[PDB]
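Since the structure comes first, as structure tokens, the remarks are kept for the end.
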Amino acid sequence: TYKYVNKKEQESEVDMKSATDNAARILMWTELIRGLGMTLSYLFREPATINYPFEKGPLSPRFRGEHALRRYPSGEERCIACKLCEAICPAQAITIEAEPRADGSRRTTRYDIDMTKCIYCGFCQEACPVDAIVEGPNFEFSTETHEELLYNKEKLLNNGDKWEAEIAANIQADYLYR
Amino acid sequence: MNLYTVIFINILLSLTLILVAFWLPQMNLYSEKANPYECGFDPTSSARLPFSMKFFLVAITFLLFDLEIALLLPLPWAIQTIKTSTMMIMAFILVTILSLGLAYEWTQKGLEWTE
Amino acid sequence: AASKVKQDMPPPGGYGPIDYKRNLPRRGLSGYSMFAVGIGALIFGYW
Amino acid sequence: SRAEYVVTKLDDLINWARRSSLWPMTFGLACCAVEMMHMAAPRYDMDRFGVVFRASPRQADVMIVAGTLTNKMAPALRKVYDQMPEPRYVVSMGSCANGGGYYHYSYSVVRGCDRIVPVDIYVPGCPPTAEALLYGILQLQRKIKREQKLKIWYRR
Amino acid sequence: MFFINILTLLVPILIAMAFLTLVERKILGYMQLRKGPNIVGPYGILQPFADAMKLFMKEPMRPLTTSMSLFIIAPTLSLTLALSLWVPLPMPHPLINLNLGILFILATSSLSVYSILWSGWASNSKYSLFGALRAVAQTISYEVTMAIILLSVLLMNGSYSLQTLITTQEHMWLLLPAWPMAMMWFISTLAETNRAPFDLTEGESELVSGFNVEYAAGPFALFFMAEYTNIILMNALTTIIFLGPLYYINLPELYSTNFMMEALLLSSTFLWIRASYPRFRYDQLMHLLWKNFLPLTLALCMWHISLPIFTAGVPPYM
Ligand SMILES: CCCCCCCCCCCCCCCCCC(=O)OC[C@H](COP(=O)(O)OCCN)OC(=O)CCCCCCCCCCCCCCCCC
Ligand SMILES: CS(=O)(=O)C1CCN(c2cccc(Cn3cc(-c4nc(-c5ccc(OC(F)(F)F)cc5)no4)ccc3=O)c2)CC1
Ligand code: SF4
Ligand code: SF4
Ligand code: SF4
């Protein structure tokens, strides 16, 4: 179906009352007074402004911000160098080099992420079959230097050791929806 | 004398502000900074070329209307006169002729801009 | 206890009815009123 | 009444001014400009901090590179920056501006705005949450808090 | 003593310009569902000083294409005139009693346009020239109706002096007999200041900044403060002419108080209007002032020429 927005106008019938009403509208600026009234109403409303950085904007567990490599509760690393994360990373931001750890386990030596290439898409944490790489909630990690934004294994491991209390709970919340 | 005083005080205030604006801050001048601004790219020409005017007739008319205003301004005094009928008639004739000229311009499409 | 399928499904009976049409209301005086007020003000001021 | 103490306080004042009044420039290239807007919106009121978008570079103090920087646009960006008057700061917003981002290996993208202009602060994200861009603005405020220019002049 | 009076008339006007920028920002914010400056100081009473200090600490620009003489003169003149228009104002007693005070106002205002013209021409940039030509059009549009409105009002005052309006309104505002003229004068003062909806001289959406686009911190601050001072000036003019504060010779302080209240109301209305409306096209401004305001203005000029005669209400010459 369809409707008209500016064809409503029908044949012209005009009286003295209609003419006088249009004249008052044209001479006393009726329609503009109404915009003035709207802006006035907004002045006496509560502003939606939050007091950052004290009170902050809402978020959800699914928020995908800063990356971190997690561990099993034993302290062992979850990554096994399967390389799905870098195989799908559509920005080619991940870089991995694996090697048999002295104990024989399959682990990484290099795990680098150019956070100037990451598009923060989440494909790596939905590809990881061991829930090792995640995209944490932290977004307040700006820097004064480009180099600081080229994370390696130690940086991501430290982030994981810093946010686990939050990452784990957000996972526990969201992992049934996946 | 007091008007001179006040106006010169204002001149001096403005000039002091400009002096301390041009000599206080640290500068670093180079051509790419001192060059004209045309939205990120280089001008294709100079801004000193004929910029056509489409309301030239309206400006010309504004001159004559300013003069008619100059002739209307002495009314506050012309109303203190004994010959009141003459002042009334002359003011009415003046304003009416002004309005008639404006109406002729309007109709002949002078107040509309060349396109 | 047990576990049925749980899903963000609408509530029984559906959600309330939503307003989507224009409601720019109608207000103001009658026009004659405005002009009468203005003319009376002019006349009182002149007097 | 040590001149060094007086100079430190004067520099505090200078930086307070240049900091509590940061007028950026209406320079938005790609998606990240939307989060710039949203940071201008009620929830995050910029003017609340003294921030005001002026459209002329000759009046601005900082420029937020809010999106991807192509090779056809880099000359204009460098020109605008050059036309901004010192003191002038720069903020790279997003991953396109920092290192090309999702278009890093393209033939028509500069792999970082830091190649064309010098950058004070890098805001990561695709796009950065307006809250994050505000965090970056305040990080810049603090960096300005730590300029110590007149102390250097007095030590020279 | 006169220099102290100069100070007591000048420094408060500049402080009021600053806090007017403040009130502008905060009012527009609350209308836009936001706060406005509250960080820099208690509720933001230091943002104007921050802005001004920061500007007068910045590198100004001496471009290569500019006529530096006019480029530097124009802001000087703008600020000078913005501050000089405040001297003949009775609040209720003026610093300079002029018989032709209205004409002083008119001429100084019509002169403040040459700051914009010469700035935009000197800058030697296309957007600057566009802002200058738009100012030309705006003046050509409003200046015709300004003087005729003002004459039609004064034909019941009896003189061009600003201090006889006080005795004229001693019993009743001049808004009742002249509210049409008051409306037209309000919009024309709205245009005289290049203020929304008539912010065409610096229209950011068409001309990045207009005549300011090449100007930098200090001179730009001069331009800006001149604008925000002329705002208050024209509000004071409206509220001395059409609105009448209470004049009791033993109580001029009440006169100043009510004058200030009304001026604040009119200025807040200017800000309200900036927040509430889009921007004109600078041909439509001409069409308005020359097709709806000028005919009616002439008709009302004739009406107020006749009214003192068929009413025997001709005013006195002192
Ligand atoms: C016996 C009596 C003898 C005395 C004789 C007098 C009798 C009374 C006559 C009353 C006449 C009414 C008053 C005249 C003023 C209004 C003039 C006018 O109507 O202009 C209308 C003009 C055109 O509007 P438009 O819809 O485009 O129509 C175009 C034509 N086809 O559009 C406009 O001009 C208005 C648009 C301007 C928009 C700018 C923003 C306006 C802001 C509104 C603020 C309102 C607050 C007023 C505060 C006043 C306090 C001083
Ligand atoms: C989206 S919006 O609707 O929100 C939009 C509405 C408009 N808006 C707005 C309104 C008013 C001012 C500003 C900040 N601003 C300030 C200046 C400027 N100010 C002074 C100055 C000098 C002396 C002063 O007094 C003393 F210092 F004591 F002498 C005080 C001040 N010089 O330059 C110049 C340009 C500028 O943008 C911004 C916010 C945004
Ligand atoms: S979120 Fe996407 S772009 Fe970022 S590292 Fe993971 S897979 Fe790569
Ligand atoms: S997908 Fe997970 S386990 Fe596989 S290489 Fe990447 S981080 Fe390691
Ligand atoms: S970083 Fe992401 S959001 Fe920002 S401009 Fe590039 S693609 Fe768009």
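Here the Cβ positions follow ideal geometry from the backbone for every residue, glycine too, while neighbour counts run over all protein chains shown. Here, each number is a calculation from the coordinates, and none is a lab measurement.
For region E:191-299, the set of trypsin sites (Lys or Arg not before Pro) satisfying both a DSSP loop assignment and a count of at most 14 other C-beta atoms within 10 Å is given as E:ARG281.
Would you mind computing the Rg to Rh ratio of the protein assembly as shown from its alpha-carbon coordinates, Kirkwood style for Rh?
Values: Rg = 32.7 Å, Rh = 31.1 Å.
Expressed as Rg/Rh, it is 1.05.
The mean count of C-beta atoms from other chains within 10 Å of the C-beta of residues in E:211-219, rounded to a whole number, is 6. Distance between the 7 Å Cα→Cβ label points at A:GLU9 and B:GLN80: 5.5 nm. Helix A:153-174 versus the longest principal axis of chain A: what is the Cα-based angle in degrees, 0 to 90, to the nearest 10? Value to nearest ten degrees: 60.
Each peptide in E:104-112, E:117-125 receives the mean, over its residues, of other Cβ atoms within 10 Å, and ordering these scores from highest gives E:117-125, E:104-112. For the pair region D:52-122 and region E:1-60, the centres of their Cα atoms are 31 angstrom apart.
Projected onto the charge dipole of the protein assembly as shown (+1 at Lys/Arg Cβ, -1 at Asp/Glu Cβ, origin at the Cα centre), which of E:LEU307, E:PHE293, C:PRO25 gives the Cα projection farthest towards the positive end? Checked the options; the winner is C:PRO25. The distance between label points at E:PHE310 and D:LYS72 comes to 7.1 nm (points 7 Å beyond Cα on the Cα→Cβ vector). For region E:157-177 versus region A:120-140, the spacing of their alpha-carbon centroids is 76 Å. Taking 4.7 Å between C-beta atoms as the pairing limit, chain A has these partnerless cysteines: A:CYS79, A:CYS82, A:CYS89, A:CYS118, A:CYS121, A:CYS128.
With Cα atoms as the point set, the radius of gyration and Dmax of chain B evaluate to 25.6, 72 Å. Sparsely packed loop sites in region B:18-70 (the GluC sites (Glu not before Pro) outside DSSP H, G, I, E and B with at most 12 other Cβ atoms within 10 Å) do not occur.
So if I place +1 on the C-beta of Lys and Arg and -1 on the C-beta of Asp and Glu, and nothing else carries charge, what would the dipole magnitude of region D:18-110 be about its Cα centre? I want it in debye, nearest 20. Numbers along the way, then the final one.
Numbers: 10 positive and 6 negative charges, 33 e Å.
Once rounded to the nearest 20, the dipole reads 160 debye.
Using alpha carbon coordinates only, what is the Rg to Rh ratio of region E:2-318, with Rh defined as the Kirkwood radius? Intermediate results must be reported in sequence, preceding the final value.
Working: Rg = 20.1 Å, Rh = 20.7 Å.
Using Cα coordinates only, the ratio equals 0.97.
Once the dipole of chain A is set up with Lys and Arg at +1 and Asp and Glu at -1 on Cβ about the Cα centre, which of A:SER105, A:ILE119, A:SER18 lies farthest towards its positive end? So the residue furthest toward the plus end is A:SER18.
Rounded to the nearest 20 debye, what is the charge dipole size of chain E about its Cα centre when +1 sits on each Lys and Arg Cβ and -1 on each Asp and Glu Cβ? Display every interim value, and only then the final one.
Numbers: 14 positive and 15 negative charges, 104 e Å.
Value, rounded to 20: 500 debye.
Determine, for each peptide in A:36-47, E:70-81, the mean count of other beta carbons within 10 angstrom over its residues, then list the peptides with the highest first. Can you show the working numbers first?
Working: A:36-47: 13.5, E:70-81: 22.7.
Highest to lowest by the protection proxy: E:70-81, A:36-47.
Between A:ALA19 and E:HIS93, what is the FRET efficiency for a Förster distance of 60 Å, r being their Cβ-Cβ separation, to the nearest 0.05? Can you show the working numbers first?
Working: r = 50 Å, r/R0 = 0.83.
After rounding, the FRET efficiency stands at 0.75.
In this calculation the C-beta distance from A:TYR175 to E:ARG62 is compared with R0 = 41 Å, giving a FRET efficiency of 0.05.
Using a simple charge model, +1 on the beta-carbon of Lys and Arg, -1 on the beta-carbon of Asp and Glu, nothing else, what dipole does the protein assembly as shown show about its Cα centre, in debye to the nearest 20?
Here the protein assembly as shown has a charge dipole of around 700 debye.
At an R0 of 56 angstrom, the distance between the Cβ atoms of D:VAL6 and E:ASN250 translates into a FRET efficiency of 0.65. Geometric descriptor of chain D, per residue, is 110 Å³ (volume of the convex hull of the Cα atoms).
Full extension of the segment from E:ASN292 to E:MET172, taken as 0.36 nm per residue of separation minus the current Cα-Cα distance, would add 40.4 nm.
Cα centroid separation, region B:7-76 to region C:1-43: 49 Å. Simple rule: put +1 on each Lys or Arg Cβ and -1 on each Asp or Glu Cβ in chain E, find the dipole, and look at E:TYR255, E:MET68, E:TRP185; the Cα lying farthest toward the positive end is E:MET68.
For B:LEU24 and B:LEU100, compute 0.36 nm times the residue count separating them, minus their Cα-Cα distance, and round to one decimal in nm.
Gain in length upon complete extension: 21.5 nm.
For the residues D:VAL90, D:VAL62, D:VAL34, a GNM of chain D with alpha-carbon springs under 10 Å puts the largest fluctuation on D:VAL34.
DSSP finds beta bridges in the protein assembly as shown, and of those with both partners inside it, around 60 percent are antiparallel. Of the chymotrypsin sites (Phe, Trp or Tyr not before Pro) found in region B:27-91, those in coil by DSSP whose Cβ has at most 11 other Cβ atoms within 10 Å are B:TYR30, B:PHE51.
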